[PDB]
Amino acid sequence: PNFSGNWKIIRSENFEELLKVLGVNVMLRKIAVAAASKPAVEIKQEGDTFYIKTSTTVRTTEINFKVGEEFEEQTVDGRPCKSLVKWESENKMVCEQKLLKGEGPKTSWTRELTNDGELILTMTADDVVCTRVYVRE
Ligand SMILES: CC1=C(/C=C/C(C)=C/C=C/C(C)=C/C(=O)O)C(C)(C)CCC1
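Residues numbered from 1 in each chain as written, not as in the entry; some residues may be left out. Heavy atoms only, no water. Residues with missing side-chain atoms left out of burial classes, pairs and counts.

Method information in the entry identifies X-ray crystallography as the source of the structure, with 1.48 Å recorded as the resolution.

Novice: What is the right way to look at the environment of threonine 61 in this model?
Specialist: Looking at the secondary structure, you find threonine 61 in strand 4 (residues 60-66). For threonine 61, a relative accessible area of 29% gives the class partly exposed. A sequence separation of 25 residues divides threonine 61 from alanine 36, and the C-alpha atoms of the two residues are 12 Å apart. Residues contacting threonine 61, with those up to four places away along its chain left out, are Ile52, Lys53 and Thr54. (Helix = DSSP H or I, 4+ residues; strand = E, 2+ residues; numbered from the N terminus. Buried < 20%, exposed > 50% of the residue type's maximum accessible area, 1.4 Å probe, protein only. Contact = heavy atoms within 4.5 Å.)

Novice: Help me out: how do you make sense of the site of the ligand in this one?
Specialist: Taken together, 14 residues form the shell around the ligand, and within it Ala32, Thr54, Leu121, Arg132 and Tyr134 come nearest. Within the side chain of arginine 132, a nitrogen or oxygen atom sits 2.8 Å from an oxygen atom of the ligand. In this structure, an oxygen atom belonging to the ligand sits 2.4 Å away from a side-chain N or O atom of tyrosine 134. Here the ligand loses 86% of its free accessible area of 560 Å² to cover by the protein chains. (Near = heavy atom within 4 Å. Polar contact = N/O pair within 3.5 Å; in protein donor to acceptor, adjacent residues only side chain to side chain. Areas by Shrake-Rupley, 256 points an atom, 1.4 Å probe, with all protein chains shown as cover.)

Novice: How do you make sense of the pattern of salt bridges when you look at a structure like this?
Specialist: In this structure the tally under the stated criterion is seven salt bridges. In this structure, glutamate 17 engages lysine 20 in a salt bridge whose closest nitrogen and oxygen atoms are separated by 3.9 Å. In this pair, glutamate 17 and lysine 20 both sit in helix 1 (residues 15-21), three residues apart, roughly one turn of the helix. Given the relative accessible area of 39%, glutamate 17 is considered partly exposed. Put simply, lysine 44 and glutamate 42 hold a salt bridge, and the shortest N to O gap is 3.8 Å. Of the residues examined, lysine 44 reaches a relative accessible area of 47% and is grouped as partly exposed. Residue classification places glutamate 42 among the partly exposed positions, given a relative accessible area of 23%. Residues joined by salt bridges that share partners form a network here, namely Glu16, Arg29 and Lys30. (Salt bridge = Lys/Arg side-chain N within 4 Å of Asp/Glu carboxyl O.)

Novice: Looking at this structure, I do not really get the packing of aromatic side chains. What am I missing?
Specialist: The description of two aromatic rings rests on the distance between their centres and on the angle between their planes. Per the counting criterion, the structure on display carries six aromatic pairs. Plain terms: the ring middles of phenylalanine 3 and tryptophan 87 are 6.1 Å apart, the flat faces sit at 35 degrees to each other, and that makes the pair tilted. Of this pair, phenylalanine 3 sits in the segment before strand 1 (5-13) while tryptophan 87 is found in strand 6 (residues 80-89), placing the two residues 84 residues apart along the sequence. When its relative accessible area of 1% is taken as the criterion, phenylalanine 3 is described as buried. Residue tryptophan 87 is classed as partly exposed on the basis of its relative accessible area of 28%. (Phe/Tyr/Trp six-rings, centres within 6.5 Å; stacked < 30°, edge-to-face > 60°.)

Novice: Honestly, the nonpolar core in this entry has me stumped. Any pointers?
Specialist: Where a protein is soluble and globular, its nonpolar side chains tend to be buried together. Counting residues in hydrophobic clusters, the biggest one holds 29 residues, and the most contacted among them are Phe15, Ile43, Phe65, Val85 and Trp109. With four residues, the top contributor of residues to this core is strand 9 (residues 119-125). Aside from chain neighbours lying at most four places away, what touches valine 85 is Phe65, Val67, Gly68, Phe71, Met93, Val94, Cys95 and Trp109. (Core = buried A, V, L, I, M, F, W, Y, C linked by side-chain atoms within 4.5 Å.)

Novice: Can you help me understand the UniProt feature "binding site: all-trans-retinoate" in the protein chain in this one?
Specialist: Under the UniProt annotation, the feature "binding site: all-trans-retinoate" is placed at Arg132, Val133 and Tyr134. Structurally, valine 133 is set in strand 10 (residues 128-136). Owing to a relative accessible area of 10%, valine 133 belongs among the buried residues under this scheme. In contact with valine 133, not counting residues within four places along its chain, are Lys8, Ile9, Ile10, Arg11, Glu118, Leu119 and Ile120. Considering the arrangement of structural elements, one finds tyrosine 134 in strand 10. Setting aside residues up to four positions removed in sequence, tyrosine 134 forms contacts with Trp7, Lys8, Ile9, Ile10, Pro39, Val41, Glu118, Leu119 and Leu121. (UniProt positions renumbered as here; feature names shortened; annotations may be inferred.)

Written as structure tokens, this is what we have:
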């Protein structure tokens, strides 16, 4: 797979609901949903090594990881976690997360390149799943 690109969002589902499961209050959800409606996403992939930068007006994250090697990031709601990404399949990576401190819903994410050339991000918190779809700019 080649996940490299500058990716533009074309669909979001259940993001507000995901934030509600994670305990984000309604005013903060409103801020977040609006900002997340127009993100800039940069991915660079070199084999199993990845750089992903996701930028919005209210939050930007930058992660560097190798598939198969633990790394530290934050959950979508901003809590430090340890993460490990695996290939579920040739074109789909899955990341399990464990909080560094405290308790909360079980969180994960997936990124997949679909047969039509798009990118699907999913983010999960307990049983609630957020689906976001992107195409390169
Ligand atoms: C949740 C949350 C916030 C904003 C989070 C944002 C904006 C996340 C965007 C995610 C994207 C942009 C995902 C993607 O597309 O990969 C703010 C800072 C208001 C503080 C309250 C907790």
